[PDB]
Protein chains: 2
Amino acid sequence: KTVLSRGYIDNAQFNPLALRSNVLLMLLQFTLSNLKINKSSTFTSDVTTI
Amino acid sequence: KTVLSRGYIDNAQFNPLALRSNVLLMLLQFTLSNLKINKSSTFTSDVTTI
């Protein structure tokens, strides 16, 4: 419900005629949310039998 | 439990995976605990039987 849905459809519905745009925006947010650097950490060995 | 054991092992346990190292250190302590000179002492002549 990013666009074309604010005061046009009910709170329990979704606009079927604007699906492509909303999906595209949702993916864009998905993409922007993962812009990070996979930093290293402290590696160690285990003395466990497994 | 000289090394690689404290902090996770139980009092009653030992870790087989790190056995050789701990055994080695125990022997090392055994060796170090004997570096000393054999001093000579006084003597007495014996008169007892054979």
# chains A, B, ... in the order shown; residues from 1 in each chain; ligands from 1
>>> residues_around(residues="residue 16 (chain A)", least_positions_apart="4", cutoff="12 Å", atoms="only C-alpha atoms", output="PyMOL selection string")
chain A and resi 1+4-5+9+20-23
>>> write_last_selection(atoms="N, CA, C and O atoms", output="tab-separated table (two decimals), in the first residue's frame")
chain	number	residue	atom	x	y	z
A	1	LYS	N	0.83	-1.19	0.00
A	1	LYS	CA	0.00	0.00	0.00
A	1	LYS	C	0.86	1.24	0.00
A	1	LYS	O	0.58	2.22	0.70
A	4	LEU	N	-1.12	5.00	-4.38
A	4	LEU	CA	-2.44	4.81	-4.99
A	4	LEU	C	-3.38	4.03	-4.09
A	4	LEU	O	-4.31	3.38	-4.57
A	5	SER	N	-3.12	4.06	-2.79
A	5	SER	CA	-3.92	3.28	-1.86
A	5	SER	C	-4.24	4.03	-0.57
A	5	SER	O	-4.92	3.47	0.29
A	9	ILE	N	-8.75	2.84	-1.05
A	9	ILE	CA	-9.23	1.49	-0.77
A	9	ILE	C	-9.39	1.33	0.73
A	9	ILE	O	-8.91	2.13	1.53
A	20	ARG	N	1.46	-3.72	-9.90
A	20	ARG	CA	2.83	-3.70	-10.40
A	20	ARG	C	3.65	-2.63	-9.71
A	20	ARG	O	4.77	-2.88	-9.26
A	21	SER	N	3.10	-1.42	-9.61
A	21	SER	CA	3.84	-0.33	-8.99
A	21	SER	C	4.17	-0.64	-7.54
A	21	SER	O	5.32	-0.48	-7.11
A	22	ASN	N	3.18	-1.10	-6.78
A	22	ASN	CA	3.42	-1.38	-5.37
A	22	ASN	C	4.46	-2.47	-5.20
A	22	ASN	O	5.34	-2.37	-4.34
A	23	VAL	N	4.39	-3.52	-6.02
A	23	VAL	CA	5.40	-4.57	-5.95
A	23	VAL	C	6.77	-3.99	-6.24
A	23	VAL	O	7.74	-4.27	-5.53
>>> calpha_fit_and_write(fixed="chain A", moving="chain B", output="PDB file with N, CA and C atoms, in the first residue's frame")
ATOM      1  N   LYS B   1       0.479  -1.046  -0.217  1.00  0.00           N
ATOM      2  CA  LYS B   1      -0.225   0.211  -0.415  1.00  0.00           C
ATOM      3  C   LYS B   1       0.757   1.372  -0.501  1.00  0.00           C
ATOM      4  N   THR B   2       1.907   1.130  -1.126  1.00  0.00           N
ATOM      5  CA  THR B   2       2.940   2.155  -1.176  1.00  0.00           C
ATOM      6  C   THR B   2       2.482   3.371  -1.967  1.00  0.00           C
ATOM      7  N   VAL B   3       1.863   3.158  -3.127  1.00  0.00           N
ATOM      8  CA  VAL B   3       1.435   4.253  -3.986  1.00  0.00           C
ATOM      9  C   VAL B   3       0.043   3.971  -4.519  1.00  0.00           C
ATOM     10  N   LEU B   4      -0.613   5.038  -4.970  1.00  0.00           N
ATOM     11  CA  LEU B   4      -1.894   4.964  -5.658  1.00  0.00           C
ATOM     12  C   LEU B   4      -2.950   4.233  -4.847  1.00  0.00           C
ATOM     13  N   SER B   5      -2.775   4.152  -3.550  1.00  0.00           N
ATOM     14  CA  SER B   5      -3.743   3.450  -2.723  1.00  0.00           C
ATOM     15  C   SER B   5      -4.265   4.298  -1.579  1.00  0.00           C
ATOM     16  N   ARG B   6      -3.402   5.068  -0.928  1.00  0.00           N
ATOM     17  CA  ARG B   6      -3.814   5.849   0.225  1.00  0.00           C
ATOM     18  C   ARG B   6      -4.858   6.883  -0.165  1.00  0.00           C
ATOM     19  N   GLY B   7      -5.794   7.127   0.750  1.00  0.00           N
ATOM     20  CA  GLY B   7      -6.818   8.120   0.579  1.00  0.00           C
ATOM     21  C   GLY B   7      -8.166   7.563   0.167  1.00  0.00           C
ATOM     22  N   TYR B   8      -8.196   6.395  -0.469  1.00  0.00           N
ATOM     23  CA  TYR B   8      -9.472   5.813  -0.853  1.00  0.00           C
ATOM     24  C   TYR B   8      -9.565   4.351  -0.441  1.00  0.00           C
ATOM     25  N   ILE B   9      -8.433   3.652  -0.428  1.00  0.00           N
ATOM     26  CA  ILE B   9      -8.463   2.233  -0.111  1.00  0.00           C
ATOM     27  C   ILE B   9      -8.744   2.040   1.373  1.00  0.00           C
ATOM     28  N   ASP B  10      -9.298   0.884   1.702  1.00  0.00           N
ATOM     29  CA  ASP B  10      -9.516   0.519   3.090  1.00  0.00           C
ATOM     30  C   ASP B  10      -8.293  -0.204   3.640  1.00  0.00           C
ATOM     31  N   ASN B  11      -8.164  -0.184   4.970  1.00  0.00           N
ATOM     32  CA  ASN B  11      -7.042  -0.851   5.621  1.00  0.00           C
ATOM     33  C   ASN B  11      -6.946  -2.310   5.207  1.00  0.00           C
ATOM     34  N   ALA B  12      -8.085  -2.983   5.096  1.00  0.00           N
ATOM     35  CA  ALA B  12      -8.085  -4.412   4.828  1.00  0.00           C
ATOM     36  C   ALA B  12      -7.946  -4.750   3.351  1.00  0.00           C
ATOM     37  N   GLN B  13      -7.944  -3.763   2.467  1.00  0.00           N
ATOM     38  CA  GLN B  13      -7.986  -4.012   1.037  1.00  0.00           C
ATOM     39  C   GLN B  13      -6.641  -3.728   0.384  1.00  0.00           C
ATOM     40  N   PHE B  14      -6.513  -4.212  -0.846  1.00  0.00           N
ATOM     41  CA  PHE B  14      -5.458  -3.798  -1.755  1.00  0.00           C
ATOM     42  C   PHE B  14      -6.057  -3.698  -3.146  1.00  0.00           C
ATOM     43  N   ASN B  15      -5.436  -2.883  -3.991  1.00  0.00           N
ATOM     44  CA  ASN B  15      -5.977  -2.652  -5.320  1.00  0.00           C
ATOM     45  C   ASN B  15      -5.256  -3.533  -6.322  1.00  0.00           C
ATOM     46  N   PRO B  16      -5.917  -4.533  -6.902  1.00  0.00           N
ATOM     47  CA  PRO B  16      -5.249  -5.352  -7.921  1.00  0.00           C
ATOM     48  C   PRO B  16      -4.809  -4.564  -9.135  1.00  0.00           C
ATOM     49  N   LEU B  17      -5.517  -3.489  -9.482  1.00  0.00           N
ATOM     50  CA  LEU B  17      -5.193  -2.768 -10.707  1.00  0.00           C
ATOM     51  C   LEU B  17      -3.801  -2.160 -10.657  1.00  0.00           C
ATOM     52  N   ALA B  18      -3.326  -1.802  -9.469  1.00  0.00           N
ATOM     53  CA  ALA B  18      -2.007  -1.210  -9.303  1.00  0.00           C
ATOM     54  C   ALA B  18      -1.040  -2.175  -8.633  1.00  0.00           C
ATOM     55  N   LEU B  19      -1.236  -3.474  -8.849  1.00  0.00           N
ATOM     56  CA  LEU B  19      -0.466  -4.465  -8.110  1.00  0.00           C
ATOM     57  C   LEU B  19       1.011  -4.408  -8.469  1.00  0.00           C
ATOM     58  N   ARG B  20       1.323  -4.431  -9.765  1.00  0.00           N
ATOM     59  CA  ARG B  20       2.711  -4.578 -10.185  1.00  0.00           C
ATOM     60  C   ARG B  20       3.572  -3.453  -9.634  1.00  0.00           C
ATOM     61  N   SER B  21       3.083  -2.220  -9.722  1.00  0.00           N
ATOM     62  CA  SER B  21       3.853  -1.083  -9.240  1.00  0.00           C
ATOM     63  C   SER B  21       4.149  -1.214  -7.753  1.00  0.00           C
ATOM     64  N   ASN B  22       3.122  -1.500  -6.952  1.00  0.00           N
ATOM     65  CA  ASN B  22       3.332  -1.613  -5.514  1.00  0.00           C
ATOM     66  C   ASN B  22       4.289  -2.749  -5.190  1.00  0.00           C
ATOM     67  N   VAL B  23       4.151  -3.881  -5.879  1.00  0.00           N
ATOM     68  CA  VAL B  23       5.081  -4.982  -5.667  1.00  0.00           C
ATOM     69  C   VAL B  23       6.494  -4.541  -5.994  1.00  0.00           C
ATOM     70  N   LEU B  24       6.656  -3.810  -7.093  1.00  0.00           N
ATOM     71  CA  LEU B  24       7.977  -3.339  -7.480  1.00  0.00           C
ATOM     72  C   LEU B  24       8.589  -2.486  -6.380  1.00  0.00           C
ATOM     73  N   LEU B  25       7.816  -1.541  -5.849  1.00  0.00           N
ATOM     74  CA  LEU B  25       8.345  -0.667  -4.812  1.00  0.00           C
ATOM     75  C   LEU B  25       8.706  -1.450  -3.564  1.00  0.00           C
ATOM     76  N   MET B  26       7.880  -2.428  -3.196  1.00  0.00           N
ATOM     77  CA  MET B  26       8.196  -3.239  -2.030  1.00  0.00           C
ATOM     78  C   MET B  26       9.519  -3.959  -2.221  1.00  0.00           C
ATOM     79  N   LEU B  27       9.740  -4.518  -3.408  1.00  0.00           N
ATOM     80  CA  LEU B  27      11.022  -5.148  -3.685  1.00  0.00           C
ATOM     81  C   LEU B  27      12.153  -4.135  -3.614  1.00  0.00           C
ATOM     82  N   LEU B  28      11.921  -2.931  -4.133  1.00  0.00           N
ATOM     83  CA  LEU B  28      12.949  -1.901  -4.080  1.00  0.00           C
ATOM     84  C   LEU B  28      13.329  -1.592  -2.642  1.00  0.00           C
ATOM     85  N   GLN B  29      12.332  -1.450  -1.770  1.00  0.00           N
ATOM     86  CA  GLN B  29      12.628  -1.224  -0.362  1.00  0.00           C
ATOM     87  C   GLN B  29      13.381  -2.402   0.227  1.00  0.00           C
ATOM     88  N   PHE B  30      12.982  -3.619  -0.137  1.00  0.00           N
ATOM     89  CA  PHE B  30      13.708  -4.795   0.319  1.00  0.00           C
ATOM     90  C   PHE B  30      15.169  -4.719  -0.088  1.00  0.00           C
ATOM     91  N   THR B  31      15.432  -4.310  -1.326  1.00  0.00           N
ATOM     92  CA  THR B  31      16.808  -4.201  -1.786  1.00  0.00           C
ATOM     93  C   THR B  31      17.559  -3.127  -1.019  1.00  0.00           C
ATOM     94  N   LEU B  32      16.973  -1.935  -0.918  1.00  0.00           N
ATOM     95  CA  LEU B  32      17.665  -0.833  -0.264  1.00  0.00           C
ATOM     96  C   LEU B  32      17.959  -1.142   1.192  1.00  0.00           C
ATOM     97  N   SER B  33      17.130  -1.957   1.827  1.00  0.00           N
ATOM     98  CA  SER B  33      17.300  -2.265   3.236  1.00  0.00           C
ATOM     99  C   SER B  33      18.388  -3.291   3.490  1.00  0.00           C
ATOM    100  N   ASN B  34      19.256  -3.550   2.516  1.00  0.00           N
ATOM    101  CA  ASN B  34      20.324  -4.518   2.686  1.00  0.00           C
ATOM    102  C   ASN B  34      21.672  -4.035   2.178  1.00  0.00           C
ATOM    103  N   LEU B  35      21.772  -2.800   1.700  1.00  0.00           N
ATOM    104  CA  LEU B  35      23.040  -2.305   1.186  1.00  0.00           C
ATOM    105  C   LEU B  35      24.004  -2.030   2.328  1.00  0.00           C
ATOM    106  N   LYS B  36      24.836  -3.010   2.654  1.00  0.00           N
ATOM    107  CA  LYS B  36      25.795  -2.865   3.737  1.00  0.00           C
ATOM    108  C   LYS B  36      26.905  -3.883   3.542  1.00  0.00           C
ATOM    109  N   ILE B  37      28.006  -3.651   4.221  1.00  0.00           N
ATOM    110  CA  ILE B  37      29.202  -4.470   4.074  1.00  0.00           C
ATOM    111  C   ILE B  37      29.172  -5.603   5.086  1.00  0.00           C
ATOM    112  N   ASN B  38      29.677  -6.766   4.677  1.00  0.00           N
ATOM    113  CA  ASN B  38      29.766  -7.927   5.559  1.00  0.00           C
ATOM    114  C   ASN B  38      31.083  -7.861   6.313  1.00  0.00           C
ATOM    115  N   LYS B  39      31.055  -7.199   7.461  1.00  0.00           N
ATOM    116  CA  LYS B  39      32.233  -7.121   8.309  1.00  0.00           C
ATOM    117  C   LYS B  39      32.584  -8.500   8.851  1.00  0.00           C
ATOM    118  N   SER B  40      33.874  -8.729   9.050  1.00  0.00           N
ATOM    119  CA  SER B  40      34.336  -9.939   9.708  1.00  0.00           C
ATOM    120  C   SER B  40      34.465  -9.693  11.202  1.00  0.00           C
ATOM    121  N   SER B  41      34.297 -10.753  11.977  1.00  0.00           N
ATOM    122  CA  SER B  41      34.330 -10.673  13.430  1.00  0.00           C
ATOM    123  C   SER B  41      35.447 -11.563  13.964  1.00  0.00           C
ATOM    124  N   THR B  42      35.491 -11.698  15.286  1.00  0.00           N
ATOM    125  CA  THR B  42      36.452 -12.586  15.910  1.00  0.00           C
ATOM    126  C   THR B  42      36.042 -14.040  15.705  1.00  0.00           C
ATOM    127  N   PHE B  43      36.982 -14.941  15.973  1.00  0.00           N
ATOM    128  CA  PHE B  43      36.773 -16.361  15.768  1.00  0.00           C
ATOM    129  C   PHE B  43      37.208 -17.139  16.996  1.00  0.00           C
ATOM    130  N   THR B  44      36.656 -18.339  17.126  1.00  0.00           N
ATOM    131  CA  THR B  44      37.080 -19.288  18.142  1.00  0.00           C
ATOM    132  C   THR B  44      37.245 -20.652  17.500  1.00  0.00           C
ATOM    133  N   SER B  45      38.311 -21.350  17.873  1.00  0.00           N
ATOM    134  CA  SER B  45      38.468 -22.727  17.440  1.00  0.00           C
ATOM    135  C   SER B  45      37.476 -23.612  18.173  1.00  0.00           C
ATOM    136  N   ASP B  46      36.916 -24.575  17.458  1.00  0.00           N
ATOM    137  CA  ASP B  46      35.931 -25.476  18.032  1.00  0.00           C
ATOM    138  C   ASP B  46      36.580 -26.794  18.419  1.00  0.00           C
ATOM    139  N   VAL B  47      36.106 -27.362  19.523  1.00  0.00           N
ATOM    140  CA  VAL B  47      36.550 -28.655  20.010  1.00  0.00           C
ATOM    141  C   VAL B  47      35.389 -29.617  20.197  1.00  0.00           C
ATOM    142  N   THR B  48      34.226 -29.305  19.636  1.00  0.00           N
ATOM    143  CA  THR B  48      33.005 -30.051  19.927  1.00  0.00           C
ATOM    144  C   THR B  48      32.803 -31.130  18.870  1.00  0.00           C
ATOM    145  N   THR B  49      33.123 -32.370  19.237  1.00  0.00           N
ATOM    146  CA  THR B  49      32.754 -33.589  18.505  1.00  0.00           C
ATOM    147  C   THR B  49      33.193 -33.464  17.047  1.00  0.00           C
ATOM    148  N   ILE B  50      32.324 -33.753  16.075  1.00  0.00           N
ATOM    149  CA  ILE B  50      32.747 -33.892  14.687  1.00  0.00           C
ATOM    150  C   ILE B  50      33.261 -32.576  14.128  1.00  0.00           C
TER     151      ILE B  50
END
>>> select_by_dssp(residues="chain A", states="helix (DSSP H, G or I)", output="number ranges by chain")
A: 16-33
